[PDB]
Novice: 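Before I ask anything, here is the structure I am working with.
Convention: sequence-line order gives letters A, B, ...; per-chain numbering from 1. For the numbers below, each heavy atom of this structure counts, side chains included, while hydrogens, waters and symmetry mates do not.
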Protein chains: 2
Amino acid sequence: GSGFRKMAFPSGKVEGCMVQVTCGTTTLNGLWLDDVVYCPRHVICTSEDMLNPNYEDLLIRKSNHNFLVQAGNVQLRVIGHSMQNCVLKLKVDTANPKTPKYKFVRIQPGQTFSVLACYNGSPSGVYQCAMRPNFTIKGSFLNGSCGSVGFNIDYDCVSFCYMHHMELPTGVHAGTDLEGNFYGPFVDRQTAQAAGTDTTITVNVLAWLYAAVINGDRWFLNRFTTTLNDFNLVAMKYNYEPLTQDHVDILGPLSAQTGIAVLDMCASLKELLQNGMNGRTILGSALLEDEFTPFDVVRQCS
Amino acid sequence: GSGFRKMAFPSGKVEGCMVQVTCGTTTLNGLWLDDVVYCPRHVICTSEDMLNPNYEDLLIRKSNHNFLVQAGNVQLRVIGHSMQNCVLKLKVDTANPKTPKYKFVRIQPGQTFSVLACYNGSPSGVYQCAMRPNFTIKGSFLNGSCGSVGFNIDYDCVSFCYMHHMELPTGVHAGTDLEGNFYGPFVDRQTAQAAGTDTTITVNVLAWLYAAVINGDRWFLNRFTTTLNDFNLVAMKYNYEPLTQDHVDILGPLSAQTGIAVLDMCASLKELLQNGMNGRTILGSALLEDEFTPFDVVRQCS
Ligand SMILES: *[C@@](O)(c1nc2c(F)cccc2s1)[C@H](C[C@@H]1CCNC1=O)NC(=O)[C@H](CC(C)C)NC(=O)c1cc2c(OC)ccc(F)c2[nH]1
Ligand SMILES: *[C@@](O)(c1nc2c(F)cccc2s1)[C@H](C[C@@H]1CCNC1=O)NC(=O)[C@H](CC(C)C)NC(=O)c1cc2c(OC)ccc(F)c2[nH]1
C-alpha cells in the first residue's frame, strides 16, 4: 500500500508477441504484431560487417527467404521486408492472433517503462527502467537480448516505446523507438560510444517527495517557494535536470492531493540539495530516488 | 556487464488464470486452474463477521449460486465449493484453456518470488518480493488486491507459493500458500496485527555483493578472510541471519565467476556492518539489499 516498490506492467500481452529472427547463425528478438515482425536491422550483419556496416548494400543481398522467423519452434514465412531507420520490418504470412491493441510512442527523458528481457524469442524477466536524461537506460541485458522491447500499458492498450540495440562502455544501454530512431546520439555499429553526463531526474525526485508526504514523512517541508526559472538554474548546478512545463503539469495531481504547491516542493528540494540530508532519511533512505514518476506514485499510492 | 535490476518472472502464464470472485458486495481475485477457482475464504464475509468470523459456519450458509465468478465479462458457473485452511476452492463447469503446468509450493524465508498484483480480476502490476524471516512481505497492495498470487517459473512450470490476504499497520503484507496456510503468526480477521522482529537475509546480501562485483563495483572488498563461525558471530550481533554451509555451497557459482572466495566476501560484509558505507553506494543503493537470492543473481548475471 506504501511499499513504493518498483512495479513493472504485467508482461503477458507482450510475451504473446515475442518471436526470434535469424540470419545465418545470428538470432535476435523480434516483435510480431498483426502480419509484421519488427527487429533490429543488424540481424543481417556478419562479424566482419559490424564495425561500420553499409545497411542498404547489405540488405540488397537479402531475400525474403534468407530470414528465419520463429514463434517458439514454429516458422513464420517472410513474404516481404523493408528497412525503416534502424529496424527491419518483415511482413509474414500469419497475423498474430495475440496482437493486443497497441501504439508506437516515443518516450520523453525521465519517463519510465517496463522491459521484457528476452533471449532467442523467449522471455526471461520483466523490470522497470527510466529513460535517463542522456537518453540511455540502466537496463539489465546479456548477449542475445537485442530486440527486447520496453512498453507501458494503459487500460488494455500496449504503448511500445523501446527496442534494445546496444551496451555502452559505461555498462548502460541504448536503443530505438519502434520506428527505428535511436534515443540519443547513438548509432548501430560495433564501436565504443560515449553517453552525455547523466543527471538526476528532478521531476521524479519531486514525485518521491510527494509520495513521502502522502505517507506522513514530511520533515523536509519548508515555508518558502521559488520561481521555476530560479529553481532550474540552481538544479543545474547540482547535476539535476531542469523542470519542463510538462513536469510541472504531471506533478499537478500530487500537488492537489497534498495541498503543497509544485514550487513549494521545489523550494524544499532546493534546501535538501544545499543543506544536505541533515543526516536524516526519507521513506527509509538517505538517497533520493529518481526513477519513480508522478504517474507511478498516482498508480501505486493513490 | 549485465547491469542489475530487480527482475520479476514474465507474468503471462498467471494473467491467463486470474478471475474475479464476488459474494454479496465483496469482490476479490481468484486463480482459475483446470476447473477450480482458488480465492481467499473471507470473500464469504460481510462487515459484522469480519472481527471474529466462524468460517465453517459462514461457508455452510452459502450455496454455489451465491458465488459470482467472472473471467473477463463471462460468468462462470459454480457447481461446488470447499475450504482448505484460509483458501476457498470453487469448482466450476468450464476448464481454463490457458492453465499452464503448475505446482503449489510453500517457500522458506529468504526465498524470492514474483507477485502479480490484481484488482477486480485484472492484472495491474508485477514485482519481485522476498519472504522475510518474520514471514511478512514488503509488497504494494491496496484494497481489492486480495487473491493476488506470488509465483516462480521453472522451465515452463509455474510454482505458486503465495496468495494475498492482509496489510499490517506497518504497511507490510501477509498471506498464505495455495494450501491456505498462513506464512507467519497472522490470522484472517479484521484486526491490527504485529509481526515478530525482522532480520536481514545474509546469503542474499552476499549474492548481491557478488552481483555488484560482476558489474564493476568493488570498493567494499578487502584482503581479509574470516571463518564461517566468526562471520556468524558478528552477523547475529547485527540482526543478520546465520550463514550455513549450504548457503556457502549455493554461492559457489558466483564465487567461481568472480574469483572471490565466499569467506573473503564475508570479511567484506563484516567490515560493512561494523564501519558502515561511509557515504558510498553499492549498485546505486545506500543500504545493503537482501531480496536477491544466489539463483536470482546467477540467472541474471550469467
Ligand atoms: C545485441 O544483443 C545484439 N547482438 C548482435 C549480435 F551478436 C550479432 C549481430 C547483431 C547483434 S545486436 C547486443 C546487446 C548487448 C550485448 C551485451 N549487452 C548488450 O546489451 N548488442 C550489441 O552487441 C551491439 C551490436 C551493434 C548494434 C552492431 N554492440 C554493442 O553493444 C557494443 C559494441 C561495443 C564495442 O565495440 C568495439 C566497444 C565497446 C562497447 F561498450 C560496445 N558495445
Ligand atoms: C483484501 O483485498 C481484502 N479485502 C476484503 C474486503 F474489503 C472485504 C472482505 C474481505 C476482504 S480481503 C485486503 C487487502 C489489504 C487492504 C489494504 N491493503 C491490502 O493489502 N485485505 C484486507 O482488507 C484484510 C481482510 C482480513 C483478512 C479479514 N484486512 C486487513 O488487511 C487489515 C485489517 C486491519 C485492521 O482491522 C481493524 C487494523 C489495522 C490494519 F492494518 C488492518 N489490516
Novice: Counting only N and O atoms by type, is there a donor-acceptor contact under 3.5 Å from the side chain of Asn204(A) to the main-chain atoms of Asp290(A)?
Specialist: yes
Novice: Within the 4.5 Å heavy-atom criterion, are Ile260(B) and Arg218(B) side-chain neighbours or not?
Specialist: yes
Novice: What's the verdict on side-chain contact (heavy atoms from CB on, under 4.5 Å) for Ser285(B) and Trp208(B), showing C-alpha distance, side-chain angles and the deciding distance?
Specialist: CA-CA 11 Å; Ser285(B) 156; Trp208(B) 171 82; 4.3 Å; yes
Novice: Is there a donor-acceptor contact under 3.5 Å from the side chain of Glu241(A) to the main chain of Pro133(A)?
Specialist: no
Novice: Are the side chain of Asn120(A) and the backbone N or O of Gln20(A) linked by a donor-acceptor pair below 3.5 Å?
Specialist: no
Novice: Whether the side chain of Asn232(A) engages the backbone of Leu243(A) through a donor-acceptor N/O pair (distance < 3.5 Å, no angle test) should be reported.
Specialist: yes
Novice: Should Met277(A) and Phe220(A) be marked as a side-chain contact (heavy atoms from CB on, under 4.5 Å) after you check the CA-CA gap, both sets of side-chain angles, and the distance that decides it?
Specialist: CA-CA 9 Å; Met277(A) 277 282 289; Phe220(A) 49 77; over 6 Å; no
Novice: Might you work through the side-chain hydrogen bond (donor to acceptor under 3.5 Å, both in side chains) test for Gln257(B) and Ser302(B), ending with a clear yes or no?
Specialist: CA-CA 9 Å; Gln257(B) 188 186 336; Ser302(B) 299; 4.9 Å; no
Novice: Go through the steps for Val213(B) and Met265(B) under the test side-chain contact (heavy atoms from CB on, under 4.5 Å), then give the verdict.
Specialist: CA-CA 10 Å; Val213(B) 165; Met265(B) 191 60 93; 3.9 Å; yes
Novice: Do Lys6(B) and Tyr127(B) have side-chain heavy atoms sitting under 4.5 Å apart?
Specialist: no
Novice: Report the relative orientation of the aromatic rings in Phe67(A) and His81(A); use parallel for angles under 30°, tilted for 30 to 60°, perpendicular for over 60°.
Specialist: tilted
Novice: Is a side-chain donor or acceptor of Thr136(A) paired with a backbone partner of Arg132(A) at a separation under 3.5 angstrom?
Specialist: no
Novice: With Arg299(B) as the cation and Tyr119(A) as the aromatic partner, state whether NZ or CZ is under 6.0 Å from the six-membered ring centre and within 45° of the axis.
Specialist: no
Novice: Between CG of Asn52(A) and OG1 of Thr191(A), what distance do you get to the nearest 0.5 Å?
Specialist: 8.0 Å
Novice: May I ask you to decide if the ring planes of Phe182(A) and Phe186(A) are parallel, tilted or perpendicular, using 30° and 60° as cut-offs?
Specialist: perpendicular
Novice: Just by distance, do the side chain of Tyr210(A) and the backbone of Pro253(A) share a donor-acceptor pair under 3.5 Å?
Specialist: no
Novice: Report yes if some heavy atom in the side chain of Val149(A) is under 4.5 Å from a heavy atom in the side chain of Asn29(A); otherwise report no.
Specialist: no
Novice: Please name the pair of heavy atoms, one in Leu206(A) and one in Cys266(A), separated by the smallest distance, quoted to 0.1 Å.
Specialist: CD1-SG, 3.9 Å
Novice: Does any non-hydrogen side-chain atom of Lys138(A) lie less than 4.5 Å from one of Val172(A)?
Specialist: yes
Novice: Any chance you could lay out the side-chain contact (heavy atoms from CB on, under 4.5 Å) test for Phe295(A) and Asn152(A), step after step, and finish with the verdict?
Specialist: CA-CA 11 Å; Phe295(A) 297 115; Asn152(A) 284 282; over 6 Å; no
Novice: Taking all atoms of both residues into account, what is the closest heavy-atom pair of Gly139(A) and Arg5(B), and its distance?
Specialist: C-CG, 4.2 Å
Novice: Would you check if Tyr38(A) and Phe104(A) make a side-chain contact, meaning some heavy-atom pair closer than 4.5 Å?
Specialist: yes
Novice: State whether the side chain of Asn96(A) and the backbone N or O of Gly16(A) hold a donor-acceptor pair below 3.5 Å, judged by distance alone.
Specialist: yes
Novice: Taking all non-hydrogen atoms of both residues into account, name the closest pair between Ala267(A) and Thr226(A) and its distance.
Specialist: N-CG2, 3.8 Å
Novice: Could you state the interatomic distance from SG (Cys129(A)) to CD (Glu291(A)), rounded to the nearest 0.5 Å?
Specialist: 7.0 Å
Novice: To the nearest 0.5 angstrom, please state how far the SG atom of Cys86(A) sits from the OH atom of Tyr55(A).
Specialist: 7.0 Å
Novice: Locate the shortest heavy-atom distance separating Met18(A) from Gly30(A); write the atom from each residue and the value.
Specialist: CE-O, 3.3 Å
Novice: From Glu179(A) CD over to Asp177(A) CG, what is the distance, rounded to the nearest 0.5 angstrom?
Specialist: 5.5 Å
Novice: Is it true that the side chains of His173(B) and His164(B) contain a donor and an acceptor less than 3.5 Å apart?
Specialist: no
Novice: Side chains of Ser11(B) and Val126(A), heavy atoms from C-beta outward: is any pair under 4.5 Å?
Specialist: no
Novice: Could you check whether the rings of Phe141(A) and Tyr162(A) sit parallel, tilted or perpendicular, using 30° and 60° as the cut-offs?
Specialist: parallel
Novice: Once you round to the nearest 0.5 Å, how far does OG of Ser2(A) lie from CG of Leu283(A)?
Specialist: 7.5 Å
Novice: Using a cut-off of 6.0 Å, state whether more than 12 heavy atoms not belonging to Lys13(B) lie near its atom NZ.
Specialist: no
Novice: Rounded to the nearest 0.5 Å, how far apart are CG of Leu209(A) and CD1 of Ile214(A)?
Specialist: 11.0 Å
Novice: Is it true that a side-chain atom of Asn85(A) and a backbone atom of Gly180(A) form a donor plus acceptor pair closer than 3.5 Å?
Specialist: no
Novice: Quick one: are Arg106(A) and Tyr183(A) in side-chain contact, heavy atoms under 4.5 Å?
Specialist: yes
Novice: Can you name the nearest heavy-atom pair linking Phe151(B) to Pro10(B), along with the distance?
Specialist: CE1-O, 4.0 Å
Novice: Heavy-atom distance under 4.5 Å between the side chains of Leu288(B) and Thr200(B), does that happen here?
Specialist: no
Novice: Looking only at the side chains, is there a donor atom on one of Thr293(A) and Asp296(A) sitting less than 3.5 Å from an acceptor on the other?
Specialist: yes
Novice: Would the distance check show the side chain of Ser268(A) and the main-chain N or O of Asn222(A) forming a donor-acceptor pair, the cut-off being under 3.5 Å?
Specialist: yes
Novice: Looking only at heavy atoms, which two atoms of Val69(A) and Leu90(A) are closest? And how far apart?
Specialist: CG2-CD1, 3.9 Å
Novice: Any donor and acceptor pair, going by atom type alone, linking the side chain of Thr99(A) with main-chain N or O of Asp34(A) inside 3.5 Å?
Specialist: yes
